[PDB]
Amino acid sequence: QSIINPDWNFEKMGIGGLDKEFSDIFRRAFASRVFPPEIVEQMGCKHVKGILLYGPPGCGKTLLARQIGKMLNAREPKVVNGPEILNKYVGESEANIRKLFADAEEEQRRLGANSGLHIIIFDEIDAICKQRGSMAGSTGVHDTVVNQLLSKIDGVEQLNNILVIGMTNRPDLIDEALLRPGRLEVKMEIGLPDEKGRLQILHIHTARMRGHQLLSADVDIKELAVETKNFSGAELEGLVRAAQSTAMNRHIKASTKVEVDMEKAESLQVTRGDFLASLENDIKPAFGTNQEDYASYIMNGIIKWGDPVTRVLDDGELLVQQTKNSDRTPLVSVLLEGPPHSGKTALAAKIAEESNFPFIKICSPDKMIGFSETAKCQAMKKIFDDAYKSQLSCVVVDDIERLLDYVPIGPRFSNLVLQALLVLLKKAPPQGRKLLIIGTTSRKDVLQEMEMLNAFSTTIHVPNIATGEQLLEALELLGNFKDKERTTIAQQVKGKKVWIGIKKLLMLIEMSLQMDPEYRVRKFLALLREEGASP
Amino acid sequence: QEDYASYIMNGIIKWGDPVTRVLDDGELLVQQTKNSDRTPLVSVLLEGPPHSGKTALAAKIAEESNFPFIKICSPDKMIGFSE
Amino acid sequence: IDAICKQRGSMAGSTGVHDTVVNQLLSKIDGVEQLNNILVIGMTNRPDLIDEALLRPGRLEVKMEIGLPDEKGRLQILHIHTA
Ligand SMILES: Nc1ncnc2c1ncn2[C@@H]1O[C@H](COP(=O)(O)OP(=O)(O)OP(=O)(O)O)[C@@H](O)[C@H]1O
Ligand SMILES: Nc1ncnc2c1ncn2[C@@H]1O[C@H](COP(=O)(O)OP(=O)(O)OP(=O)(O)O)[C@@H](O)[C@H]1O
Ligand SMILES: Nc1ncnc2c1ncn2[C@@H]1O[C@H](COP(=O)(O)OP(=O)(O)OP(=O)(O)O)[C@@H](O)[C@H]1O
């Protein structure tokens, strides 16, 4: 009797974007159980009896496990859902574990080489397979169970009709001894799909629904696939479900009571509008970008009041192009510096947005109020680790000076964060990927003295307003003072020089605007004069 | 109103122009924060020689704000607290 | 053997049976009575955690340390498996 079911077919499986992993798993697990036993005996080998999987949440682990379990024409697979074998009475946990393998042992001793096949699923293997303490005083809560499992999987007796599978999210906590090639040999990683993977996933989760004419011709599947970038597997299904629900909700109503129409429900259709709506406000990707942060950092937009803003943007674009289409330098960093209130964070955010990378994350101290240095180091480590799971990335560090906890008195600061950032600004990403880091600051000399400028590859300068003409141009662009007052103000500022940042100009304008209609110009001039220059 | 009754122990007496000047500059900031849209956050710092009566004027300005939420954070409710 | 045999006076969390087990094994392996047809073999990954009283001469004398082979060993290992 063949191991595989007579009618099994790959297309019925319903899996997309994991062809290579499935092929390798098949090759390493089942290839030896397909040809007649004579050749297998001649080669004198033993079948593998272990598998493992891991990855980030929502990638299709349980689905693959269940599919592989169903793919075999044998007994019904057992199941264990995390700590479901623990017990309070002494020694019962080990007896429970042993009970699982009794059937396989009996089968082997009875029928020998023609025995059947059995499967098991230690789902959440991490729950009861933590590393042994290996030290007196650190007795583990679950140690006898681990020892019993290790003994049974490969002990004084041999078995060749078993197969174990595991799934977890922390592959670095499993006991070391349980990962040698004799017990758990084949282990694979499940990652985020690619464009073709997303297309396949959307196609599989739509084929059926197209059977009964439930799709208008306005749905361009290729456009929908290309639009959604770096989406986990589950989120595509979530989007489709939400779109279907919102499309169906229009025919139904309720409010005071509940009722349903019967003359319109037979012409149900789903169009691209509902899809768009939901895509916008329904599913919030986890490894992507959203306009909320940009709206929070670009609150007042960007205005081209002179030449430097264009040069800065061009330099940013050049750096982005270099990192994107280069291979000898997979790590380039740029440091933005300038006087206070010069408006430097907004330019960084604009560059990051316009870069058009799949993944963008902003690490700012706003979310770390009152933390201890250990928490800050952990957060930075987590963010940088997360940034290592994409073919293109970009990270922005905001207000470095406030991150180091600097204070001129003493001076004082936190050394651990500085050491972590210094080590973390030279760690090349995993081979075959790219990265880009953009920083900001308001005190260049301090960093130059702490021996930090040898870690950054370049540097840009963001100046202030330098001449009355640029101030007048900015005022006109904002559109607050009209021509009549513009002439009077210009007649004054034109014959001198100014030194102010745009943010301070906005605040000054706002403060001035609160006075009487015909007293605004005088107070504005007085405030501008009192501001001073202080070169 | 208990907090205001506590931090203002003897009311306010106008002994000269500076009191009027301060109370008139406070309302300007209040109106700016209430009517503006390009600046949702505004801050002001009061300073003067010791024993000049700053807290009283601050409390009076806050009360005259007429805002629907006024909480005063003082250092006398955390005696013995750690950082 | 490490699972059952540990240093006496450590695992005291409702230890209904563990120290009694180890004491009984100590007594049985070599007590007032003597035998001449018993042979005890033990495999462990943590040599330094076993009880010293079980390491005395007459109970467990032979102690061998299995290590990684060398080039010659690798040669023999790969020759045996492919014959
Ligand atoms: N390639 C895929 N094609 C279709 N559906 C997929 C795919 N990958 C994952 N899924 C979806 O995964 C869902 C089941 O959740 P899943 O088992 O993937 O979560 P998980 O990764 O196991 O999460 P956890 O981290 O908690 O273990 C199903 O709805 C299934 O449609
Ligand atoms: N053309 C422009 N260039 C720069 N900033 C602009 C421009 N137009 C408007 N702005 C405003 O300038 C503000 C400057 O940003 P932000 O408030 O972070 O100040 P900053 O001076 O960069 O920071 P810091 O106070 O840390 O020195 C941005 O919020 C943006 O709204
Ligand atoms: N017009 C006034 N302006 C200010 N304070 C006044 C006025 N009239 C009376 N006072 C009294 O001033 C006192 C000031 O008390 P408070 O402890 O707040 O002083 P302070 O000088 O602001 O504080 P500190 O002692 O911390 O320097 C109030 O108790 C109030 O009784």
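Here chain A follows Swiss-Prot, giving residues 206-740 in order.
The way this entry was determined, per its header, is electron microscopy, 3.9 Å.
Even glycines carry a Cβ here, placed using N, Cα and C.
The ATP binding site annotation in Swiss-Prot covers A:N505, A:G506, A:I507, A:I508, A:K509, A:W510, A:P545, A:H546, A:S547, A:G548, A:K549, A:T550, A:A551, A:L552 and is backed by experimental evidence. Look at Swiss-Prot and you will find A:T550 tagged as Mg(2+) binding site, backed by experimental evidence. As annotated by Swiss-Prot, phosphoserine applies to A:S207, A:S569, with the evidence given as similarity to another entry. Feature annotation from Swiss-Prot assigns phosphotyrosine to A:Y259; the stated evidence is similarity to another entry.
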Here the 10 Å Cβ neighbour count for A:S207 (phosphoserine) comes out at 9
Quick tally, other C-beta within 10 angstroms, A:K509, A:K549; top of the binding-site residues is A:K549
A:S569 (phosphoserine) sits from A:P545 (ATP binding site) (Cα to Cα, rounded, in Å) at a distance of 17
Near chain B at Cβ under 8 Å, of the listed recorded positions A:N505, A:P545, A:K549, A:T550, A:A551, A:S569, we get A:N505
One should report the C-alpha separation between A:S547 (ATP binding site) and A:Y259 (phosphotyrosine), rounded to whole angstrom, as 47
For the recorded positions A:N505, A:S547, A:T550, A:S569, the largest set of other C-beta atoms within 10 Å encircles the C-beta of A:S547
Integer Å value for the Cα distance linking the residue listed as 'Mg(2+) binding site' with A:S207 (phosphoserine) is 65
In chain order, residues whose C-beta lies under 8 angstroms from the C-beta of the residue listed as 'phosphotyrosine', counting only those at least six residues away in the same chain, are A:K266, A:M372, A:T373, A:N374, A:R375, A:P376, A:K392, A:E394, A:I395
So A:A551 (ATP binding site), by the Cβ count within 10 Å over all chains shown, scores 17
Integer Å value for the Cα distance linking A:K509 (ATP binding site) with A:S569 (phosphoserine) is 26
In all the protein chains shown, the tally of other Cβ atoms within 10 Å of the Cβ of A:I507 (ATP binding site) is 13
CB neighbours within 10 A of A:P545 (ATP binding site), counting all protein chains shown, number 11
Rounded to a whole number of Å, the separation of the Cα atoms of A:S207 (phosphoserine) and A:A551 (ATP binding site) comes to 65
Integer Å value for the Cα distance linking A:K549 (ATP binding site) with A:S569 (phosphoserine) is 14
Recorded positions A:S207, A:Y259, A:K509, A:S569: those with Cβ under 6 Å from an atom of ligand 2 are none
Record-listed ATP binders A:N505, A:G506, A:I507, A:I508, A:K509, A:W510, A:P545, A:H546, A:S547, A:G548, A:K549, A:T550, A:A551, A:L552 have a maximum CA to CA distance, in Å, of 20
The correct three-state DSSP answer for A:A551 (ATP binding site) is helix
